[PDB]
K.L.:
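For reference, the structure I am asking about is given below.
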Amino acid sequence: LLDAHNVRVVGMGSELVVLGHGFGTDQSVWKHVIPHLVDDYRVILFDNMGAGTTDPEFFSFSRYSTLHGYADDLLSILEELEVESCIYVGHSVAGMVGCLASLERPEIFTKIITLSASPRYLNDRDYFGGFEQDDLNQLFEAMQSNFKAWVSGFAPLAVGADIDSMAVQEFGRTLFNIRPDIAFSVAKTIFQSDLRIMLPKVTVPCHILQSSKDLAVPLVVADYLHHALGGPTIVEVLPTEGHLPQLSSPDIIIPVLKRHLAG
């Protein structure tokens, strides 16, 4: 492992914190944050199998049809690094992956921080997720119709802000670097996922950070996690817009993340 997932361990701080990334980017999404954590924490970063920065020659589409495959990767990495106890910070899908991995080894995680995470994006009876199946169908066909034309429109909506903004350029660049037959398939697994049954089984304390304006995650999803996670929970709304606010708005995210890391 490690090389397959580009595992990096930086810092001189007392506490171990793991940083996971969501769909479409890689560990570089934490570029603005890492310099502010190395004095206080020992940071381990890694890339999910199937990202642009990884070698997905023989990608097992069965292993990653559920988020368990990503969760086992995280555990194997922490196992390989001989990590017995750490704080986990998961952005977007890596939030649910840490929660799912904590079900398997809750002693390894003292604290979980989710950022722009969601256990389900489709709507349902008495559950607002943000999307309908026909909203997903159009996106999946648009990604296969012209993947590059889709990325040019999706990255401005995921990050928010201008098409010319630096976070948009970076995310669209990493989003476009995914091998197309993997990006569509992984976007299907993620966008159609439903991890609400798992949430009550979580006992690790979870700090749910969430942008007030997140197009992939409505505000109501933050309160749902607060009430659905079986362990202690707190919710802090970030005064930002976007799915990747640690990239677009690090000036605001960093003090909030460190405050939850230290408290």
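One-based numbering along the sequence shown.
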K.L.:
Specify the closest pair of heavy atoms between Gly160 and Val168, including all atoms of both residues, with the distance to one decimal.
P.N.:
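Reported closest heavy-atom pair: O-CG2, 3.6 Å.
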K.L.:
Given side chains that start at C-beta, do those of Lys111 and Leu261 come closer than 4.5 Å, heavy atoms only?
P.N.:
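Side-chain contact under 4.5 Å: no.
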K.L.:
So which atom in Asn123 and which in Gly129 form the shortest heavy-atom distance, rounded to 0.1 Å?
P.N.:
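Minimum heavy-atom contact is OD1-N, 2.7 Å.
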K.L.:
First locate atom CG of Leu122, then atom OG of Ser193, and finally report the distance between them rounded to the nearest 0.5 Å.
P.N.:
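Output value for this atom pair is 8.5 Å.
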K.L.:
Any side-chain to backbone donor/acceptor pair from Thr233 onto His226? Under 3.5 Å, distance only.
P.N.:
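Yes, because the side chain of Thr233 sits within donor-acceptor range (under 3.5 Å) of the backbone of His226.
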K.L.:
Flag the pair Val29 / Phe171 as yes when at least one side-chain heavy-atom distance between them is below 4.5 Å, and no otherwise.
P.N.:
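The answer is no, as the side chains (C-beta and beyond) never meet within the 4.5 Å cut-off.
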K.L.:
Do any N or O atoms from the side chain of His5 and from the backbone of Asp47 form a donor-acceptor pair under 3.5 angstrom?
P.N.:
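Here the side-chain-to-backbone pair exists.
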K.L.:
Can you tell me if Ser145 uses its side chain to pair, donor with acceptor, with the backbone of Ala142 under 3.5 Å?
P.N.:
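No, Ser145 side chain to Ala142 backbone: no donor-acceptor pair under 3.5 Å.
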K.L.:
With distance as the sole test, does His21 use its side chain to make a donor-acceptor pair with the main-chain N or O of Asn48 at under 3.5 Å?
P.N.:
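Yes; at least one donor-acceptor contact below 3.5 Å.
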K.L.:
Check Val159 against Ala167 and note the closest heavy-atom contact, atom names and distance.
P.N.:
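For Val159 and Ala167, the tightest heavy-atom pair comes out as CG1-CB, 3.6 Å.
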K.L.:
Does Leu215 share a hydrophobic cluster with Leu225, counting links as ILVMFWY side-chain heavy atoms below 4.5 Å and allowing steps through other members?
P.N.:
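Not linked; separate clusters.
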K.L.:
Is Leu157 reachable from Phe131 through a run of hydrophobic residues whose side-chain heavy atoms are each under 4.5 Å from the next?
P.N.:
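No, separate clusters.
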K.L.:
Scan side-chain atoms only and decide if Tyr64 and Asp73 contain a donor-acceptor pair under the 3.5 Å cut-off.
P.N.:
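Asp73 and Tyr64 do have a side-chain donor-acceptor pair below 3.5 Å.
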K.L.:
Sequence neighbours excluded, which residues qualify as ring pair (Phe, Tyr, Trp, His ring centres under 6.0 Å) partners of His207?
P.N.:
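Ring pair (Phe, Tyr, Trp, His ring centres under 6.0 Å) list for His207, sorted by chain: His260.
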K.L.:
Around atom NE2 of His32, are there more than 12 heavy atoms of other residues, nucleotides or ligands at under 6.0 Å?
P.N.:
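Yes, enclosed.
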K.L.:
Any chance the side chains of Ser85 and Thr110 put a donor and an acceptor closer than 3.5 Å?
P.N.:
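Distance-only check fails for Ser85 and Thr110.
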K.L.:
Taking the side chain as every heavy atom from C-beta outward, state whether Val43 and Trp30 have any pair of such atoms under 4.5 Å apart.
P.N.:
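No; the side chains remain at least 4.5 Å from each other.
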K.L.:
Counting C-beta onward and ignoring hydrogens, is there a side-chain heavy-atom pair between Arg120 and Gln192 closer than 4.5 Å?
P.N.:
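No, their side chains stay 4.5 Å or more apart.
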K.L.:
Which is it for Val186 and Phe59 under the side chain to side chain contact (heavy atoms under 4.5 Å, CB included) test, yes or no, and what are the steps along the way?
P.N.:
CA-CA 11 Å; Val186 171; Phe59 183 81; 4.1 Å; yes
K.L.:
Restricting to non-hydrogen atoms, name the atom on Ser102 and the atom on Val202 that form the minimum distance, rounded to 0.1 Å.
P.N.:
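In this case the closest contact between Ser102 and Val202 is OG-CG1, 4.1 Å.
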K.L.:
Please answer whether the main-chain N or O of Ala149 pairs with a side-chain N or O of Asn146 as donor and acceptor at a distance below 3.5 Å.
P.N.:
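Yes; at least one donor-acceptor contact below 3.5 Å.
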K.L.:
If the condition is salt bridge (charged side-chain N to carboxylate O under 4.0 Å, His left out), which residues does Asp72 pass it with, not counting sequence neighbours?
P.N.:
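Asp72: salt bridge (charged side-chain N to carboxylate O under 4.0 Å, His left out) contacts with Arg63.
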K.L.:
For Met143 and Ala187, work out which heavy atoms get closest and say how close.
P.N.:
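In this case the closest contact between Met143 and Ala187 is CE-CB, 4.0 Å.
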K.L.:
Side chain to side chain contact (heavy atoms under 4.5 Å, CB included) between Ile113 and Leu257: does it pass, once the steps are laid out?
P.N.:
CA-CA 8 Å; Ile113 303 181; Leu257 184 44; 3.7 Å; yes
K.L.:
Identify the heavy atoms of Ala71 and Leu100 that sit nearest to each other, and give their distance.
P.N.:
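For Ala71 and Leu100, the tightest heavy-atom pair comes out as CB-CD2, 4.0 Å.
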K.L.:
Can you tell me how far apart OH (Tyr41) and CG (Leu16) are? Round to the nearest 0.5 Å.
P.N.:
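Nearest 0.5 Å value for the OH-CG distance: 12.0 Å.
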K.L.:
Quick check against the 3.5 Å criterion: does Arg179 have a side-chain atom that pairs as donor or acceptor with the backbone of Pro56?
P.N.:
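Confirmed, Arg179 side chain pairs with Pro56 backbone.
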K.L.:
I'd like to check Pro239 versus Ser212 (side-chain heavy atoms, cut-off strictly below 4.5 Å). Are they in contact?
P.N.:
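Side chain of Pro239 against side chain of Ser212, heavy atoms only: no contact under 4.5 Å found.
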K.L.:
Got a donor-acceptor contact below 3.5 angstrom from the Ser152 side chain to the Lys148 backbone?
P.N.:
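Yes; at least one donor-acceptor contact below 3.5 Å.
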K.L.:
Does a side-chain heavy-atom distance below 4.5 Å link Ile234 with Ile208?
P.N.:
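No; the side chains remain at least 4.5 Å from each other.
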K.L.:
Scan side-chain atoms only and decide if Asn137 and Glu141 contain a donor-acceptor pair under the 3.5 Å cut-off.
P.N.:
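The answer is no; no qualifying pair exists.
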K.L.:
Above 12 or not: heavy atoms from other molecules or residues under 6.0 Å from CD of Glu236?
P.N.:
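Yes.
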K.L.:
Check the hydrophobic clustering (I, L, V, M, F, W, Y; side-chain heavy atoms under 4.5 Å; chains of links allowed) and say if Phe128 and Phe191 are grouped together.
P.N.:
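No: no chain of side-chain contacts under 4.5 Å links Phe128 to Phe191.
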K.L.:
Identify the residue among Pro255, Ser249, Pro250, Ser248 that makes a side-chain contact (heavy atoms from CB on, under 4.5 Å) with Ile252.
P.N.:
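Of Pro255, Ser249, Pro250, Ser248, side-chain contact (heavy atoms from CB on, under 4.5 Å) with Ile252 is met by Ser249 alone.
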K.L.:
Could you state whether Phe46 and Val9 fall into the same hydrophobic cluster, counting links through intermediate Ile, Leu, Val, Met, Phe, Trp or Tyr residues with side-chain heavy atoms under 4.5 angstrom apart?
P.N.:
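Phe46 clusters together with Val9.
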K.L.:
Supply the atom-to-atom distance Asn6 CG to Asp26 CG, rounded to the nearest 0.5 angstrom.
P.N.:
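One finds 8.0 Å between CG of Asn6 and CG of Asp26.
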K.L.:
Working to the nearest 0.5 angstrom, can you tell me the gap between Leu45 CG and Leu19 CG?
P.N.:
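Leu45 CG to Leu19 CG: 4.5 Å, rounded to 0.5 Å.
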K.L.:
First locate atom CG of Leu238, then atom CG of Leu115, and finally report the distance between them rounded to the nearest 0.5 Å.
P.N.:
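That separation rounds to 6.5 Å.
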K.L.:
Going only through I, L, V, M, F, W and Y residues with side-chain contacts under 4.5 Å, is there a path from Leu1 to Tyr88?
P.N.:
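Yes, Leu1 connects to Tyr88 through the hydrophobic network.
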K.L.:
Carefully, step by step, assess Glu79 and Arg105 under the rule salt bridge (charged side-chain N to carboxylate O under 4.0 Å, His left out).
P.N.:
CA-CA 10 Å; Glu79 177 205 85; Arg105 294 293 194 243; over 6 Å; no
K.L.:
Examine distances only and state if a side-chain atom of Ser211 and a backbone atom of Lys213 form a donor-acceptor pair shorter than 3.5 Å.
P.N.:
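No; zero donor-acceptor contacts below 3.5 Å.
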K.L.:
Could you go through the side chain to side chain contact (heavy atoms under 4.5 Å, CB included) check for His91 and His243 one step at a time?
P.N.:
CA-CA 9 Å; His91 168 263; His243 195 66; 4.2 Å; yes
K.L.:
Roughly how far apart are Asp223 CG and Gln210 CD, rounded to 0.5 Å?
P.N.:
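Going from the CG atom of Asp223 to the CD atom of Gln210 covers 9.0 Å.
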K.L.:
Is there side-chain contact between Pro119 and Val221, with heavy atoms separated by less than 4.5 Å?
P.N.:
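Yes, their side chains come closer than 4.5 Å.
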K.L.:
Do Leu2 and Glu80 have side chains that approach each other closer than 4.5 Å (heavy atoms only, starting at C-beta)?
P.N.:
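In short, these two side chains touch, coming nearer than 4.5 Å.
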K.L.:
Could you list the residues that satisfy salt bridge (charged side-chain N to carboxylate O under 4.0 Å, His left out) with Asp251, not counting sequence neighbours?
P.N.:
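Partners of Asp251 under the salt bridge (charged side-chain N to carboxylate O under 4.0 Å, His left out) test: none.
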K.L.:
Between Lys201 (side chain) and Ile197 (backbone), is there a donor-acceptor pair under 3.5 Å?
P.N.:
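Pair found, side chain donor or acceptor close to backbone of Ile197.
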K.L.:
Could you go through the side chain to side chain contact (heavy atoms under 4.5 Å, CB included) check for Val237 and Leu219 one step at a time?
P.N.:
CA-CA 8 Å; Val237 176; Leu219 217 36; 4.1 Å; yes
